[PDB]
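Just below is one structure, and these are the notes that go with it.
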Amino acid sequence: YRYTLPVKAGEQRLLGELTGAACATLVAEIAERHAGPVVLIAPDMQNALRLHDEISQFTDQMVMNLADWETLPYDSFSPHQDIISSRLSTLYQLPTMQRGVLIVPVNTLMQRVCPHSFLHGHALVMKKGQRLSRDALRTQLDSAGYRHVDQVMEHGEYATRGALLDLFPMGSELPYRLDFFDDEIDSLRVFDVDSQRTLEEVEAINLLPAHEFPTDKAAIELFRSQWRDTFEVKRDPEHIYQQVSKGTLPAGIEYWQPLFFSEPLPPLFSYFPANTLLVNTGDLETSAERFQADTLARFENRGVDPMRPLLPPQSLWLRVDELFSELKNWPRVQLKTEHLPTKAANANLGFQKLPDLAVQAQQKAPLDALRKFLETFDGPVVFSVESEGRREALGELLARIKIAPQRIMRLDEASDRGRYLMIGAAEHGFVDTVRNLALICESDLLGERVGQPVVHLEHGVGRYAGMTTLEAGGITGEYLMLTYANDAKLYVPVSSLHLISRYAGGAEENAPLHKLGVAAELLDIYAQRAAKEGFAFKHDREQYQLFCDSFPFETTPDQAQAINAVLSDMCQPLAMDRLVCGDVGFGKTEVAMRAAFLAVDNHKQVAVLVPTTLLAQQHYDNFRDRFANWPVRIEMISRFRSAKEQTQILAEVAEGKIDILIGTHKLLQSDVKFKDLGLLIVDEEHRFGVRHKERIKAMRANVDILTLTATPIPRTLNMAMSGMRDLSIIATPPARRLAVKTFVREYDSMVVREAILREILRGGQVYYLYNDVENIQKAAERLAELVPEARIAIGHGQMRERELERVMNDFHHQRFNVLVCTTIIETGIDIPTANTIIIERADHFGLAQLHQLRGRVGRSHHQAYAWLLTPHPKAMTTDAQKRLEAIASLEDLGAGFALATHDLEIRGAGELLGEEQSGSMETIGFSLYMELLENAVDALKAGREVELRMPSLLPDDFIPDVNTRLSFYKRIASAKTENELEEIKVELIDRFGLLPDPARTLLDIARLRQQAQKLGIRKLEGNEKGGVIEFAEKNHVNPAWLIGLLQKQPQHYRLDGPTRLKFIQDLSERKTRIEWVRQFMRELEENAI
């Protein structure tokens, strides 16, 4: 094609011009026409994973990585032998492979592996008619290195029961049972780890050794001999000599691998088949050198502690000279993104970078660049979307420019004038000018980043109050007198004028003055919701089965049980009030998604409420992905959405066309009116408070409230445990969640650097919580210097939305590892790749907050740490010590509920009938609460703007019971005549006596609104400083008289807009404001036309 392939001893083939996301397609092309393996030598482990997700998009060849030890050179952690099973297995198939791509970083390629005589000397194939005794096979496995257990579940274990020998080989991912008979294998049956029953029978099966070093007694004797040969022995039962002599293995024993063989570990280049074709990326002379330097530095730093000494780095890792001498034994194709000028063994491939394509809502036409680019491109263009739901997010996005991309499976299918789309992890696009093809990825539509007050510094802020003469012991001196708070006079000598500075806050008339030197509403809501019957959802079996099939996991028995309880409760006439309190990351969201699917199948406009914008966006993405194959409309509302589209969303929701609306506190602002609400889902309830939780409940009395959380606030936890609300605990798998490690250390730069470098070398991402927007810029800048290897961004909710959104989006796409963040990431942002969180100052954080932050790491098969940096402990407050010792005391999966029940009964449950969820508060007992609720329910069953910034209500001391209060509210608000308002007033006086000031203000506000409704003033406002009259489209104000008022008092009447009239009045008193407004409106209506 465009270039030949290198087939010789060590010849090179340098290809240039390959832009981003071009090396992947080039590797895919090479692997499809080379009759042999391709070993892709990535320059960095991170990059390797990237290619593993890109090449697999463009080809069908077996693209697989080489599982490296997840630890660090000379670390103190085992490789978690499961990974070892993924490593030996490859090493067994690697000498004999004919087609496929094997991806190795420089870190793993520079490592040395076992001699392969341990591979095909400890590894077996067992057929049906094997004349091998029971004990012979048992000792065979024991010498191989298997562990004798009785409940074999994982890799490298076997169990025996008489004639039933069941072993889990490291060749396959499933165990097998032999069912011996007469010292012969009768059956070779695979049995499940969960059901313990046979699925089928395999004629021949392969098994691999437990570890990468021999473990039998002869191996231990050889290890001891090599140890006494190389190092020196110390009599101490933790020294890794007398610790391996006993029989157990130290933590990081894998770096003492050469001691078990008595033969040098080959460079792994012997493992490649005869004809491989190494494909490079970036450069190796730099990455290999950096890895060698880091390994040598860590060997010198850790070549101490004579107990557990370290081997030379040349006995475990190839020298860079050895690596680059051994790379000359294979042909190589070097993919680099630069213009290679001209020569043989050198080619250029037109892969220009994509033109300026971006989307922005600022202009009238957002897709201007796209619409103009797709018109003037003669060749094909293929969009690349990472997810299936994302495809829709890009399919209706291109519908505005009248283009429907036909989907293709391989890039070769692109016709000449074709707009196509494909799914894969491609990040950036290109313009292959050679065939005039174009690839446009999802990130190529975003672009780049887008009486005078006086201050005296000694004391504070006072009010200048003139000059005075004062005697001071026979000396009369002149002073300037300042009146601080509480009329405390301070006399500054006129000579000392320089400490008297002018106020700088721009609030000369709003400056401070330093000192020198709910039960009813909640009861009624509970009674109303417990009085009537909620919607009885209708459940479809097979149609919901498809939605279940859409889930790419298996619900763990506890998550499935919570799901069943939720659906069973929704399918009842009673209103569902439930809690889903399970530990973080255990699939809590999916239960809510299933409940939402059940509700929306009956057209009930599920409403999701999350206490942060990032949760809103993440749940929007997740819900859109899951519901990417149903006729359900999902929309997000928050401050991120513009003011022009938020109104559109509200109109759509009120119309009844958006069936899922995910929103922050905006959902409770009284302007979010649902057409037909039947399901609410409050996620992370412990960051809302009682008011926000029942605000929506009051409007839709019988809505079914689903409540998800990990650490409930004590009030709602006691409420659930006492039976007021149903409870569902999810403390179980997801399978490969791993026991987030907790370390409570005093702050240290070396600790932070070590943790960040450990995470970076793993390829993950680090959370670095600072939680102070003022100094977060300085903190991130300082961390950038502390760890130059890391890429650092800043993320918090106090910067502009278009910036925070893009920064968080970039963090998803691995554009940087460390993200110095505030507590905005405490609410449940998933980001599976992030598995190390560093809290700079954790002393001042609640147990719930600390556990939630610790729950952000992990979320996957990886081992995740959680460092909680603290100041010097004596400086910490006692409660900080208690909370830190409690949080570090509980490091287990499912511990989020024990911690919640500790935070309750340490802080105590709050007022059950009121606010203040956390605290003793001397709350009323549950027996009393149920009695009052039943009493209110029974009493209710046999039943059934001119705002002036002043209280206008019926106080509790006026009308104790709630139902009477609500009835009179309805009667006053619905009264359409002053006569009926007077009747209500007389009824109030008859039944309760004197009218409090709030009651009289409410009644006269009702009267004023009644007058204004007839007149035409839609919104008459007032504050202490004045007010605004907002007339209607067709008001009844006499124009000539209005102009007369304007020209007689310009200062008190100013038209600012078509219908907004600002009046400025020093309305200090509520009564005076009421009467001034009364007379203003009266003189208005007398002239009404």
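In the structure tokens, chains take the letters A, B, ... in the order shown, each chain's residues start at 1, and ligands count up from 1 in the order shown.
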
Self-check item: Within 9 Å of region 861-873 of chain A using only C-alpha atoms, minus same-chain residues under 2 positions, as a PyMOL selection string
Solution: chain A and resi 735-748+752+755+833-843+850+853-854+857-859+875-877+881+884

Output file for the residues above (C-alpha atoms, as a PDB file, in the first residue's frame):
```
ATOM      1  CA  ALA A 735     -17.629  -8.259  42.553  1.00  0.00           C
ATOM      2  CA  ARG A 736     -14.190  -6.667  42.376  1.00  0.00           C
ATOM      3  CA  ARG A 737     -14.623  -3.818  44.823  1.00  0.00           C
ATOM      4  CA  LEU A 738     -11.528  -3.758  47.030  1.00  0.00           C
ATOM      5  CA  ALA A 739     -11.463  -2.538  50.572  1.00  0.00           C
ATOM      6  CA  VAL A 740     -10.311   1.071  50.050  1.00  0.00           C
ATOM      7  CA  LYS A 741      -7.175   1.449  52.168  1.00  0.00           C
ATOM      8  CA  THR A 742      -7.225   4.278  54.716  1.00  0.00           C
ATOM      9  CA  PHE A 743      -4.067   6.084  55.844  1.00  0.00           C
ATOM     10  CA  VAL A 744      -4.233   8.914  58.387  1.00  0.00           C
ATOM     11  CA  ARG A 745      -0.833  10.622  58.237  1.00  0.00           C
ATOM     12  CA  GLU A 746       0.437  14.024  59.238  1.00  0.00           C
ATOM     13  CA  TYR A 747       0.994  16.188  56.181  1.00  0.00           C
ATOM     14  CA  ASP A 748       4.228  15.476  54.316  1.00  0.00           C
ATOM     15  CA  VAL A 752       1.962  13.255  48.650  1.00  0.00           C
ATOM     16  CA  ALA A 755       1.147   8.574  46.435  1.00  0.00           C
ATOM     17  CA  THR A 833     -10.228   5.318  36.680  1.00  0.00           C
ATOM     18  CA  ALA A 834      -9.643   7.538  39.732  1.00  0.00           C
ATOM     19  CA  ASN A 835      -8.451   5.332  42.603  1.00  0.00           C
ATOM     20  CA  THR A 836      -6.436   7.616  44.911  1.00  0.00           C
ATOM     21  CA  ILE A 837      -7.884  10.526  46.904  1.00  0.00           C
ATOM     22  CA  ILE A 838      -5.717  12.864  48.988  1.00  0.00           C
ATOM     23  CA  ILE A 839      -7.454  15.143  51.498  1.00  0.00           C
ATOM     24  CA  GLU A 840      -5.005  17.918  52.333  1.00  0.00           C
ATOM     25  CA  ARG A 841      -6.635  18.822  55.681  1.00  0.00           C
ATOM     26  CA  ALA A 842      -9.190  16.246  56.837  1.00  0.00           C
ATOM     27  CA  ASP A 843      -9.492  17.280  60.499  1.00  0.00           C
ATOM     28  CA  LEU A 850     -15.046  11.649  54.872  1.00  0.00           C
ATOM     29  CA  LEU A 853     -14.975  11.176  49.708  1.00  0.00           C
ATOM     30  CA  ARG A 854     -13.335   7.815  50.410  1.00  0.00           C
ATOM     31  CA  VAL A 857     -11.976   5.971  44.771  1.00  0.00           C
ATOM     32  CA  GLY A 858     -12.121   2.350  43.708  1.00  0.00           C
ATOM     33  CA  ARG A 859     -15.387   1.696  41.840  1.00  0.00           C
ATOM     34  CA  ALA A 875      -3.143  20.917  67.096  1.00  0.00           C
ATOM     35  CA  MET A 876      -6.213  18.924  66.030  1.00  0.00           C
ATOM     36  CA  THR A 877      -9.413  19.294  68.014  1.00  0.00           C
ATOM     37  CA  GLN A 881      -9.309  12.947  66.512  1.00  0.00           C
ATOM     38  CA  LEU A 884     -10.514  10.330  62.229  1.00  0.00           C
TER      39      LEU A 884
END
```

Exercise. Check the DSSP output for the backbone and give back, as a PyMOL selection string, the residues of region 609-751 of chain A in helix (DSSP H, G or I).
Key: chain A and resi 613-626+643-655+665-668+685-687+690-699+714-721+749-751

What's around residue 790 (chain A) at 8 Å? Count only C-alpha atoms, leave out sequence neighbours fewer than 5 positions away in its own chain, and write the answer as a compact mmCIF listing (two decimals) with N, CA and C atoms, in the first residue's frame.
```txt
# COMPACT_ATOMS: atom_id res chain seq x y z
N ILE A 756 1.05 10.22 44.63
CA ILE A 756 0.69 10.67 43.29
C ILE A 756 1.50 9.92 42.24
N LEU A 757 2.80 9.70 42.49
CA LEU A 757 3.62 8.98 41.53
C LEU A 757 3.20 7.52 41.44
N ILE A 760 0.12 7.59 39.27
CA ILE A 760 0.43 7.93 37.88
C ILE A 760 1.09 6.75 37.18
N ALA A 784 1.89 21.33 41.37
CA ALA A 784 2.54 21.18 40.08
C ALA A 784 4.06 21.18 40.20
N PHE A 816 -5.82 14.70 32.09
CA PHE A 816 -4.92 15.00 33.19
C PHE A 816 -5.25 14.07 34.34
N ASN A 817 -4.22 13.74 35.12
CA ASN A 817 -4.35 12.76 36.20
C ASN A 817 -4.88 13.40 37.48
N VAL A 818 -4.16 14.39 38.00
CA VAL A 818 -4.52 15.05 39.24
C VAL A 818 -5.52 16.15 38.94
```

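Summary of the local environment: counting only C-alpha atoms, residues at most 12 Å from residue 132 (chain A), other than itself and those fewer than 4 positions away along its chain, are residues 126, 127, 128, 136, 137, 138, 139, 140, 178, 180, 181, 182, 183, 184, 185 and 186 of chain A.
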
Please build the interface table for region 628-746 of chain A against region 544-557 of chain A with a cut-off of 9 Å, listing for each qualifying residue the nearest atom pair and the distance in Å to one decimal; count only C-alpha atoms, order rows by chain and increasing number, and write it as a tab-separated table.
```
residue	atom	partner	partner_atom	distance
A:732	CA	A:556	CA	7.3
A:733	CA	A:556	CA	6.3
A:734	CA	A:556	CA	6.7
A:735	CA	A:556	CA	8.3
```

Quiz item: Neighbours of region 1013-1027 of chain A within 9 Å (only C-alpha atoms; same-chain residues fewer than 3 positions away dropped), as a PyMOL selection string?
Solution: chain A and resi 945-950+1008-1010+1030-1037+1052+1061-1070+1073+1077+1081+1084-1085+1088

Per-residue nearest contacts region 447-546 of chain A to region 585-609 of chain A, cut-off 10 Å, using only C-alpha atoms, as a tab-separated table:
```
residue	atom	partner	partner_atom	distance
A:535	CA	A:604	CA	9.7
A:537	CA	A:599	CA	7.0
A:538	CA	A:602	CA	7.2
A:539	CA	A:598	CA	6.6
A:540	CA	A:598	CA	8.2
A:543	CA	A:601	CA	9.2
A:544	CA	A:598	CA	7.4
```

Written selection (N, CA and C atoms) as a short mmCIF file (atom, residue, chain, number, x, y, z; two decimals), in the first residue's frame:
```
data_model
loop_
_atom_site.label_atom_id
_atom_site.label_comp_id
_atom_site.auth_asym_id
_atom_site.auth_seq_id
_atom_site.Cartn_x
_atom_site.Cartn_y
_atom_site.Cartn_z
N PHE A 535 -50.59 6.29 43.42
CA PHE A 535 -50.79 5.58 42.16
C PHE A 535 -50.30 4.14 42.27
N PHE A 537 -48.84 1.47 40.33
CA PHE A 537 -48.16 1.27 39.07
C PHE A 537 -48.50 -0.10 38.49
N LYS A 538 -48.61 -0.16 37.16
CA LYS A 538 -48.82 -1.40 36.43
C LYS A 538 -47.49 -1.86 35.86
N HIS A 539 -47.10 -3.09 36.18
CA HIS A 539 -45.79 -3.62 35.81
C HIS A 539 -45.92 -4.60 34.66
N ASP A 540 -45.06 -4.45 33.66
CA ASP A 540 -44.98 -5.37 32.54
C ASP A 540 -43.79 -6.29 32.75
N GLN A 543 -41.62 -6.71 28.88
CA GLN A 543 -41.13 -5.42 28.44
C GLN A 543 -40.07 -4.86 29.37
N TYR A 544 -40.26 -5.00 30.68
CA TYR A 544 -39.23 -4.69 31.66
C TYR A 544 -38.07 -5.67 31.59
#
```

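Across the structure, CA of residue 245 (chain A) and CA of residue 84 (chain A) are spaced 22.6 Å apart.
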
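Excluding region 927-936 of chain A itself and any same-chain residue fewer than 2 positions from it, the protein and nucleic acid residues within 10 Å of it, counting only C-alpha atoms, are residues 523, 524, 525, 526, 527, 528, 530, 531, 724, 912, 913, 924, 925, 938, 939, 940, 941, 961, 962 and 963 of chain A.
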
Self-check item: Polymer residues at most 7 Å from region 343-358 of chain A, only C-alpha atoms, same-chain spacing of 2 or more positions, as a ChimeraX atom specification
Solution: /A:3,12-19,340,360,369-370,429-434,444-447

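In this comparison, which uses only C-alpha atoms, the residue of A:892, A:458, A:44, A:826 approaching residue 771 (chain A) most closely is A:826.
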
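Here CA of residue 367 (chain A) and CA of residue 649 (chain A) stand 21.1 Å from one another.
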
Quiz item: Where does DSSP see strand (DSSP E) in region 249-466 of chain A, if you list the residues as number ranges by chain?
Solution: A: 278-281, 332-335, 346-348, 381-385, 406-407, 419-423, 430-432, 437-441, 453-456, 460-466

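Remark: for residue 981 (chain A), the closest of the candidate residues A:709, A:90, A:1011, A:749 is A:1011 (distances computed over only C-alpha atoms).
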